[PDB]
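Here's the structure, in structure tokens; my notes come after.
Here is the naming used below: chain letters follow the sequence lines, and residue numbers restart at 1 for every chain. Excluded from the calculations below are hydrogen atoms, water molecules and symmetry mates; all remaining heavy atoms, backbone and side chain alike, are included.
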There are 2 protein chains.
Amino acid sequence: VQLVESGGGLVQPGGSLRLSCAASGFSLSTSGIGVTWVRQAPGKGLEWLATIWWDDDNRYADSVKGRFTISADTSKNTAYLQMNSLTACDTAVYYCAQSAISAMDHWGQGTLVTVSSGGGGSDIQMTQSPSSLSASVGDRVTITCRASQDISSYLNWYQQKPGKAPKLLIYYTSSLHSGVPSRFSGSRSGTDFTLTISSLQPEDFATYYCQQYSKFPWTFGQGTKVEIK
Amino acid sequence: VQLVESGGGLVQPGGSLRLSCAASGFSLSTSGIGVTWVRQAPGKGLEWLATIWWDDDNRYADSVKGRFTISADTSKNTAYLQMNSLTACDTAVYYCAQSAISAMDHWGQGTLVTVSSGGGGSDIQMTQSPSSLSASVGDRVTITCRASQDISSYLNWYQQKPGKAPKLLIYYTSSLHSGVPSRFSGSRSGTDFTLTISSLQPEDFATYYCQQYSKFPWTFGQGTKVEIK
């Protein structure tokens, strides 16, 4: 028994692909036989996606429901996975496997599906430090942010409280947004950027984010949570 | 200036939603004005999605390209995010924000979009231990796996080598797949399951996965990598 897989490749987001899985040495119409699709994102584990049985019964995972359909064509003795409206989160090696009556056997060799519209470059990665800090009212607080490439001074800082939308604090590295208290300031060293709170006030416990706009895509740091001691 | 957001909610995978963002105190047609959409997955940071400017220029992130479209309706002074073919990975609070000429200001209050077809229950979570182990040829090796609920004996074990498809080793807790060497065995204690390799051979360095089939969705453990010392 063999399952001979084909299809896959690099496709733009929103696009569609059909994977095929030709059965050899058994018939998809035989009572007890099912075909299952499983995927494995790069560096990750195994995720079940869908199973279809000889009697038409079928199940789908929520990760593909409403977008992918599984089928078995008894005239070609081939199973298919029709993927529509693909996203970057669907990037993975996709396997078909024989199910029988219950365990997955005789897996296909897998095919990589990568969903991307990008060139070969990388987005600008913003790294903040620390990811959390503890402070008391009255403390001086400094938060740092660095970019994976030169962004000149095209950096903004935002504050976000739980359950609230972000608020702009500083634009273009050092310009205080009008209405924001002057205890907030921003600076850069040419390797890094710093947000300083000269004397922390009770209303300043929040999460702070940097954001570059040197180029699209605009990207944010991971956030720094300023928490009470 | 205010941006008044509306829309969102709980929607099935593959479905569509339109978010709205009504401008107050400024006009979307004014030179220099843009509207940007940003999202925040539960517990995570901020992700830029798309910007549209008064002069029609626009940019989209790869995470939404081909599926979502942004627009500005000058007759209603309202901006929109049309979301199509939604996935679970799109679950997040979505914000609109005013851009101007460059920083995001006057953010909307955010709306939660949750993409799910599920009831209120949880999938069965399989936890293996350890996630990696070091061994020498000839060693006895034991790998454990537990389920977040009672799966009886409906558990399989698989082996996966780099670049290869998984291979079934044991089904229904303790049944060796024919052709697999007898040094592999499986057992259960009623709280846990164990895969044992009585004497590790060079061909056994691989990653091992457990998998439950008590119910759909079928779920896998995170894997245990058996590596050389």
Side-chain angles (χ1 to χ4, degrees), chain A residues 123-124 126-161 165-190 192-214 216-224 226-227, chain B residues 3 25-26 30-38 40 45-48 51 53-54 59 95-108:
Chain A
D123 297 349
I124 297 177
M126 304 304 299
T127 303
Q128 325 198 185
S129 183
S131 296
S132 58
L133 69 89
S134 292
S136 301
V137 172
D139 280 357
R140 185 183 179 83
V141 172
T142 57
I143 298 169
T144 69
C145 174
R146 61 186 166 82
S148 62
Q149 65 181 252
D150 194 336
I151 62 162
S152 310
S153 296
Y154 301 123
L155 186 99
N156 303 317
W157 289 97
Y158 299 88
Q159 180 190 66
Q160 188 181 32
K161 300 189 146 271
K167 172 179 174 180
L168 178 64
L169 303 169
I170 299 184
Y171 65 94
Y172 197 63
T173 298
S174 300
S175 295
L176 187 66
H177 187 295
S178 72
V180 173
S182 66
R183 65 177 175 274
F184 290 90
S185 64
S187 62
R188 77 187 267 217
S189 71
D192 312 316
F193 298 81
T194 302
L195 177 69
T196 298
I197 310 170
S198 61
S199 179
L200 192 76
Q201 297 303 299
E203 61 264 38
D204 300 338
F205 293 105
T207 300
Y208 294 86
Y209 293 94
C210 63
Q211 175 245 325
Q212 68 84 21
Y213 58 100
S214 174
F216 290 94
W218 291 349
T219 50
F220 293 87
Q222 82 278 13
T224 297
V226 174
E227 314 182 292
Chain B
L3 282 178
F26 71 106
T30 293
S31 179
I33 294 294
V35 177
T36 293
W37 295 86
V38 175
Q40 184 166 41
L46 300 169
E47 178 186 7
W48 170 83
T51 296
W53 297 104
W54 80 100
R59 306 281 188 114
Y95 299 99
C96 62
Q98 192 210 49
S99 314
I101 318 194
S102 174
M104 285 161 282
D105 201 4
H106 302 122
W107 295 56

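Of all heavy-atom pairs spanning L168(A) and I170(A), the tightest one is CD1-O, 3.5 Å.
Although no hydrogens or angles enter the test, the distance criterion places no donor-acceptor pair under 3.5 Å between the side chain of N156(A) and the main chain of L169(A). Side chain of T173(A) to main chain of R188(A): no donor-acceptor pair is present (N/O by atom type, distance under 3.5 Å, no hydrogens or angles). Here the side chain of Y158(A) pairs no donor or acceptor atom with the backbone of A165(A) at under 3.5 angstrom. No donor-acceptor pair under 3.5 Å is formed between the side chain of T51(B) and the backbone N or O of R59(B). Judged purely by atom type and a 3.5 angstrom limit, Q201(A) uses its side chain to pair as donor or acceptor with the backbone of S199(A).
Partners of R183(A) by salt bridge (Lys or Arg N to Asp or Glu O under 4.0 Å), not counting sequence neighbours, listed by chain and number: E203(A), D204(A). Considering only residues two or more places apart in sequence or on other chains, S129(A) meets the side chain to side chain donor-acceptor pair (under 3.5 Å) condition with none of them. For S99(B), the side chain to side chain donor-acceptor pair (under 3.5 Å) test picks out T36(B), with sequence neighbours left out.
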Next item on the list: Please assess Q160(A) against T207(A) for the test side chain to side chain donor-acceptor pair (under 3.5 Å), listing each intermediate value before the final yes or no.
Entry: CA-CA 5 Å; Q160(A) 188 181 32; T207(A) 300; over 6 Å; no
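The distance from atom CD of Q128(A) to atom OG1 of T194(A), rounded to the nearest 0.5 Å, is 11.5 Å.
Applying the side chain to side chain contact (heavy atoms under 4.5 Å, CB included) test between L133(A) and each of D139(A), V226(A), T142(A) identifies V226(A) as the sole match.
Ring centroid separation for the pair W157(A) and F184(A) does not come in under the 6.0 Å cut-off. When ring centroids are compared, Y154(A) and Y213(A) come within the 6.0 Å threshold.
In this structure the side chain of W54(B) never reaches within 4.5 angstrom of the side chain of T30(B), judged on heavy atoms.
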